[PDB]
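>>> Got an experimental structure here, sequence first:
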Amino acid sequence: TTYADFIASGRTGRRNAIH
Amino acid sequence: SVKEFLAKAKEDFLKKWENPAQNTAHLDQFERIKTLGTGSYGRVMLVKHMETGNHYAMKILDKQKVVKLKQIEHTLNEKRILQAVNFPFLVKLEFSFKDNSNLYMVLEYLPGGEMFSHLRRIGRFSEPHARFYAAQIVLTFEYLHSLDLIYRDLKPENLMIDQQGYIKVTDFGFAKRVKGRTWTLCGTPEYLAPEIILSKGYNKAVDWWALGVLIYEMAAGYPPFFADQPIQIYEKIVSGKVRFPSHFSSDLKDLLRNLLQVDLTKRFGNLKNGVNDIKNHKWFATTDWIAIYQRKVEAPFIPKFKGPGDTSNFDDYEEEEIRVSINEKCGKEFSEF
Ligand SMILES: CCn1c(-c2nonc2N)nc2cnc(C)cc21
């Protein structure tokens, strides 16, 4: 599922602004 | 009318924008409680102002680190804009000052925490719940954009939930007052509009693209473009493709196709009718814009209130000292702060 793919991803925590 | 309200708001803003408040408190007036958050910008600390007993969120930036990160102009923008704005859905800047080492912005504290934590934990918000929050961002961008301000970092991490369940936008680290186009590559990967990724001159339409990303993430529980690395996210954004969960209403999908629109001559918020294309959309038919502004609408969620200084809604961070050198650092760079 898309949800399972998101939860297994490395970007579920707080996201930093770019540099 | 909306034109009349915004005209008075501009007159108020310009007086403060042209003559900014400076040096309105000192570090010794606050008791350090706990770190609320950290990032490349520095940290945000929960503090208590002894003379009032009020709690505040003190954003602390290290001047030397700001210089290394090439964020001098951006930090001056953040403070100059925050001290000048006034809107129900914007976090208030209560005081600001600097010392030999650091810059301090003392903000209104929201113990309710970031929308981010609630959204991740609950998983997703129903459409009426997501709409309630979306309406506050639409009004906030209508206000900011009328002052020639571009926000540039919309995301659930930057939306605080107050004691009444309403939103307060925080973090003006990339906000800028610009009448023309601008070019800085800044923002958060998942929320970048294609014109930013493609190194084009861009305008306030990037905030409306970011609103599409936010509404999608609130209603789906995950963003429209995600991957393990930013490069893979950028490839998805620029592809011109987007997939919606089957539970999304027809009205919600129609609004999102118009906000997540690569074509600038077609993106809602960027047309002749401006923000009214969004306000008048079918998805917002039940939204009473004035009742939202006046905070008369019952909020769908009220964070558990455990006291004015409680931090249960925030993660824990390693506590570091607040060091103040005996020598002034970067005096010229931050002279106007
Ligand atoms: C820790 C979350 N946070 C807050 C607040 N956290 O609690 N009340 C706040 N206000 N204000 C911020 C400004 N800039 C930043 C990067 C983060 C901020």
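On my side now, so go ahead. Numbers count the residues shown, from 1 in each chain, chains lettered A, B, ... in the order given.

>>> Next, give phi and psi for residue B:96.
The phi/psi pair for residue B:96 (degrees, to the nearest 10) reads phi -150, psi 150.

>>> likewise residue B:54?
According to degrees, to the nearest 10, residue B:54 has phi -80, psi 150.

>>> how near is the residue of chain B found nearest chain A to residue B:243?
Using CB to the nearest CB, residue B:222 is the residue of chain B that sits closest to chain A, at 3.8 Å. Where you see a C-beta, it was placed from the backbone N, CA and C, and this is true even at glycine. Residue B:222 sits 11 Å away from residue B:243, going by CB to CB, to the nearest Å.

>>> Equivalent analysis for residue B:326, please.
From residue B:326 to residue B:243 the distance is 58 Å (CB to CB).

>>> Check residue B:102 too.
45 Å.

>>> quick one, which of these two is more surrounded?
The residue with more neighbours, out of residue B:102 and residue B:243, is residue B:102; 22 against 9, by other CB atoms under 10 Å in any protein chain shown.

>>> and chain A, which of its residues are near chain B?
A:2-3, A:6, A:9-12, A:14-19 (CB under 8 Å from any CB of the partner chain).

>>> Can you tell me the closest non-neighbouring residue to the closest residue to chain B within chain A?
Closest residue of chain A to chain B, CB to the nearest CB: residue A:6 (3.8 Å). Of all residues not flanking residue A:6 in the chain, residue B:222 sits nearest, at 3.8 Å (CB to CB, 6 or more residues apart in numbering or on different chains).

>>> Then residue B:157?
Using CB to CB, 6+ apart, the nearest residue to residue B:157 is residue B:116, at 4.4 Å.

>>> tell me the contacts of residue B:302?
Residue B:302 makes contact with B:163, B:164, B:165 under the criterion CB atoms under 8 Å, 6 or more residues apart in numbering or on different chains.

>>> one step back: common neighbours of residue B:222 and residue B:243, please.
The contact lists of residue B:222 and residue B:243 share residue A:2, where a contact means CB under 8 Å, 6+ apart.

>>> The residue nearest to residue B:157 is in contact with residue B:160, isn't it?
No. Contact criterion CB atoms under 8 Å: residue B:116 and residue B:160 do not qualify, at 9.8 Å.

>>> Between these two, which is the more surrounded one?
residue B:160 (26 against 19).

>>> tell me the phi and psi of that one?
Dihedral pair for residue B:160: phi -90, psi 150, per degrees, to the nearest 10.

>>> Any idea what it is bridged to?
Note on residue B:160: beta-bridge partners residue B:114, residue B:168, judged by DSSP bridges.

>>> pretty sure it contacts residue B:112?
Yes. At 6.6 Å, residue B:160 counts as touching residue B:112 under the criterion of CB under 8 Å.

>>> any common contacting residues for the two?
Contacts common to residue B:160 and residue B:112, judged by CB under 8 Å, 6+ apart, are absent.

>>> neighbouring contacts of stretch B:2-12?
By CB under 8 Å, 6+ apart, stretch B:2-12 touches B:86, B:87, B:142, B:143, B:146, B:147.

>>> how about the helices in chain A?
Here chain A has its helices, by DSSP state H, at A:2-7.

>>> Roughly how far does residue B:267 sit from residue B:239?
17 Å.

>>> And for the residue of chain B closest to chain A, the neighbour number?
22.

>>> same thing with the one 10 residues further on?
The burial count assigned to residue B:232 is 12, neighbours taken as other CB under 10 Å.

>>> For residue B:262, pull up the helix or strand it's in.
Using DSSP states H and E, residue B:262 sits in no helix or strand.

>>> residue contacts, it?
Residue B:262 neighbours (CB under 8 Å, 6+ apart): B:194, B:238, B:240.

>>> So which bits of the stretch 151-300 of chain B are right by the ligand?
Within reach of the ligand by CB under 6 Å from any ligand atom, the stretch 151-300 of chain B has these residues: B:160, B:170, B:171.

>>> Make JSON lines from those and add distance to residue B:81 to it.
Shown next, in JSON lines, are these (distance: CB to CB, whole Å):
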{"residue": "B:160", "distance to residue B:81": "17"}
{"residue": "B:170", "distance to residue B:81": "13"}
{"residue": "B:171", "distance to residue B:81": "11"}
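
>>> Show me where the stretch 51-200 of chain B has its helices.
B:63-68, B:72-84, B:115-122, B:127-146, B:194-197 (DSSP state H, counting those that start in this stretch).

>>> could you dump the ones you listed to a markdown table with distance to residue B:274?
What follows is these, written out as a markdown table (distance: least, CB to CB, whole Å):
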| stretch | distance to residue B:274 |
| --- | --- |
| helix B:63-68 | 35 |
| helix B:72-84 | 21 |
| helix B:115-122 | 26 |
| helix B:127-146 | 8 |
| helix B:194-197 | 18 |
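
>>> Would you tell me which of those helices gets closest to residue B:50?
Counting by CB to CB, residue B:50 lies closest to helix B:72-84 out of those; the figure is 22.5 Å.
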